[PDB]
Amino acid sequence: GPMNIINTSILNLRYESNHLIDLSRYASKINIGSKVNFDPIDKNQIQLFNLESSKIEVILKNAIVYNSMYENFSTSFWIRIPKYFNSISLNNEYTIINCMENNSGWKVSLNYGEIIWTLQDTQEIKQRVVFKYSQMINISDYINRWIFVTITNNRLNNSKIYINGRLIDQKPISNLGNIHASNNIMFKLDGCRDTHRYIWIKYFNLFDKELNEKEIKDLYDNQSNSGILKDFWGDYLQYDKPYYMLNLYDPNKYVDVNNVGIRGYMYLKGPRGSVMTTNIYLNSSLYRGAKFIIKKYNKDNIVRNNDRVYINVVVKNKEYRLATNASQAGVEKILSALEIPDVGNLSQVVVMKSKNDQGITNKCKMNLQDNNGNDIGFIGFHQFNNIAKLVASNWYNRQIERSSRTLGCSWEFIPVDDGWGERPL
Amino acid sequence: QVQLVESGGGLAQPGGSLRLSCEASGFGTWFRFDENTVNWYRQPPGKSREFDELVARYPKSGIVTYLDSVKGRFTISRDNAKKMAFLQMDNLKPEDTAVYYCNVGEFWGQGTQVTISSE
């Protein structure tokens, strides 16, 4: 479950028994507006819009209202920020988490490609710490994907921002005197000019100390929920949901089928193509290629580590079954899309993987097996003459152990999402 | 063999109204209409699709957002059983002239011209 430092955190905002409340010892009151969306699959995931009633207000207990020259403190949360697509967002800093009142306190704000921490004393001495990310990038680790934010403040030296458990930047704050923050914390888009802007946020916490790097890394690992497979955006991977595939070893290709049946094969076709709005973004197109759909071989539709599965593939508006004849000498087993009623004694059961038995994570998601739990190999690809055919290979399985590096079997499942819109190609 | 087909655009006078409609057909059972967001975009006259504006969005959550200039004038809606989406456009202005597009999930209509003729 949650770490001890979470259980003893001074504000621990979580969904419990049908409501969002504070789990901390302080049990601060939470007021939720009428246009807040809670993800039905994972109600800890909170969506806040550019609308007046889309807000959450925390009424802090007096004991933890920040008023000090010396008390260290930190905040952590995950956020998912939709791609910026309007030029109106270019030079528009908007607050999202506000504890700044009467010229002192702290706030989290966003801007085009930015997450910003602002801290200010009662003399209005101010410091800012920023995380920048680009929208001019082939495949982004940050745009529209869940990222873990941690901000720590040591009153004697620095404020630091971490992203995904890793230090990004730090700025001195030792010149700041008494900081007297707000009695409340307002989660709300404030001053955003993009009327369609929203954020997703989850797992907000406040701590009354400077978290160290080990604690932050541990929080990151714990809150990642690694026993559950994730889609590209970082949401839970689901059964019966169409995903566009992205191979991390060769991102500039998409999955296609030359012909259906055992005489045909699955391969990576290129180029993937780009999407662009001048001065705003330039990225690889994500919504390309033949969709995979994950099929049950628990009633909640969430795909978990070690779940046995079938993979369906959508070709020309019809579903087929990923399968292969593994009885031949070659270690690489070429994958084909079969008519589902015609799969027969072909190998088709896949074990979904997020991590190994020792807890080590790996992006290699699909280990094809026979029907008795015996490995055929992780699904990746292999060049045959000029053609990068989809392949299952035990060579991958041997590589997973020795090294943590990206391999041909490393995949991402990308569902269509409101935070990433593409014009049609 | 799947398509979004749009209708209901064309010419109108300032202060008048139109209603755009959009229908999703041919989609296999893998496609769940209810799970998809319906959007209406418009392309400003004289500009490329890079200048497309999001006019209105209706996601599965039901929390609708509008372009600022159309707030109070345009209303978006959807019919999940009919697989349809609608854009009710009232009190039109010359600056509403544009090619309008229906977008459902990753799928797009071809575009429908709406022209508002001044006085």
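Assorted remarks:
- Residues located in the range B:40-62, provided they are in contact with an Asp or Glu (Cβ under 9 Å, 6 or more places away or on another chain) and buried (at least 21 other Cβ atoms within 10 Å of the Cβ): B:41, B:42, B:57
- Some residue of the range B:27-40 being within 30 Å of residue B:119 (Cβ to Cβ), among the hydrophobic types (A, V, I, L, M, F, W, C) and out of contact with any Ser or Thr (no Cβ under 9 Å at 6 or more places or on another chain): yes
- No other residue among A:9, A:74 is in a loop (DSSP other than H, G, I, E, B), away from chain B (no Cβ under 14 Å), buried (at least 21 other Cβ atoms within 10 Å of the Cβ) and of a type in the set (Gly, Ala, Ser) apart from A:9.
- Test: residue in the range B:63-79 that is small (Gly, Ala, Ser) and either farther than 23 Å from residue B:118 by Cβ or crowded, with 19+ Cβ neighbours inside 10 Å (or both): yes
- Those residues of the range A:379-422 which are of a type outside the set (A, V, I, L, M, F, W, C), under 20 Å from residue A:291 (Cβ atoms) and over 23 Å from the mean Cα position of the chain (by Cα), in sequence order: A:389
- Answer from A:327, A:285, A:274, A:347 - the residue that is under 30 Å from residue A:40 (Cα atoms) and small (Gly, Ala, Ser): A:285
- Residues of the range A:122-146 that turn out to be of a type in the set (A, V, I, L, M) and touching an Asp or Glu at 6+ places or on another chain (Cβ under 8 Å), as a count: 2
- Every residue from the range A:164-179 that is surrounded by fewer than 19 Cβ atoms within 10 Å (Cβ to Cβ) and closer than 26 Å to residue A:60 by Cα: A:174, A:177, A:178
- Matching residues in the range A:33-63 - criterion: being surrounded by fewer than 17 Cβ atoms within 10 Å (Cβ to Cβ) and away from chain B (no Cβ under 14 Å): A:57, A:59, A:62, A:63
- Selection within the range A:94-112 - surrounded by fewer than 19 Cβ atoms within 10 Å (Cβ to Cβ) and on the phi > 0 side of the Ramachandran plot: A:102, A:103
- Residue match in the range A:235-246 (condition: more than 22 Å from the chain's Cα centre (by Cα), within 14 Å of chain B (Cβ to nearest Cβ) and of a type in the set (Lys, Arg)): no
- Of the residues making up the range B:15-39, those that are away from every other protein chain (no Cβ under 12 Å) and surrounded by 14 or more Cβ atoms within 10 Å (Cβ to Cβ) are B:18, B:19, B:20, B:21, B:22, B:23, B:24, B:33.
- Residues of the range A:87-112 that are under 22 Å from the mean Cα position of the chain (by Cα) and among the hydrophobic types (A, V, I, L, M, F, W, C): A:96, A:97, A:108, A:110.
- Total residues in the range A:268-305, condition of a type outside the set (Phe, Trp, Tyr) and either within 14 Å of chain B (Cβ to nearest Cβ) or under 22 Å from residue A:89 (Cβ atoms) (or both): 21
- Exactly one residue out of A:312, A:283, A:306 is in a loop (DSSP other than H, G, I, E, B) and either of a type outside the set (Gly, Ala, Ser) or within 23 Å of residue B:105 (Cα to Cα) (or both), and it is A:306.
- Count of residues meeting criterion [in a loop (DSSP other than H, G, I, E, B), among the aliphatic types (A, V, I, L, M) and more than 9 Å from chain A (Cβ to nearest Cβ)] in the range B:44-101: 3
- Considering the range A:312-326, and only residues there that are within 13 Å of chain B (Cβ to nearest Cβ) and not basic (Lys, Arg), the residue that is nearest to residue A:368 (Cα to Cα) turns out to be A:312.
- Looking across the range B:102-119 at every residue that is β-branched (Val, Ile, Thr) and either touching an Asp or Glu at 6+ places or on another chain (Cβ under 7 Å) or more than 14 Å from chain A (Cβ to nearest Cβ) (or both), the one that is surrounded by the fewest Cβ atoms within 10 Å (Cβ to Cβ) is identified as B:115.
- Only strands (runs of 3 or more DSSP E) whose full extent lies in the range A:327-374 are considered here, and the ones with at least 3 residues that are within 32 Å of the chain's Cα centre (by Cα) and either closer than 21 Å to residue A:303 by Cβ or not assigned by CATH to the domain that holds residue A:239 (or both) are A:349-352, A:366-369.
- Count of the range A:181-206 residues, restricted to those that are assigned to a strand (DSSP E or B) and surrounded by fewer than 19 Cβ atoms within 10 Å (Cβ to Cβ), is 2.
- Taken over the range A:294-331, the residue count meeting the criterion of being more than 13 Å from residue A:352 (Cα to Cα) and either of a type outside the set (D, E, K, R) or surrounded by 14 or more Cβ atoms within 10 Å (Cβ to Cβ) (or both) is 21.
- Residue list for the range B:30-43, restricted to those being assigned to a loop (DSSP other than H, G, I, E, B) and within 16 Å of the chain's Cα centre (by Cα): B:36, B:37
Basis: the model, the stated rules and, where named, an outside source; none is laboratory data. Here Cβ is always computed from backbone atoms with ideal geometry, including for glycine, and neighbour counts include all displayed protein chains.
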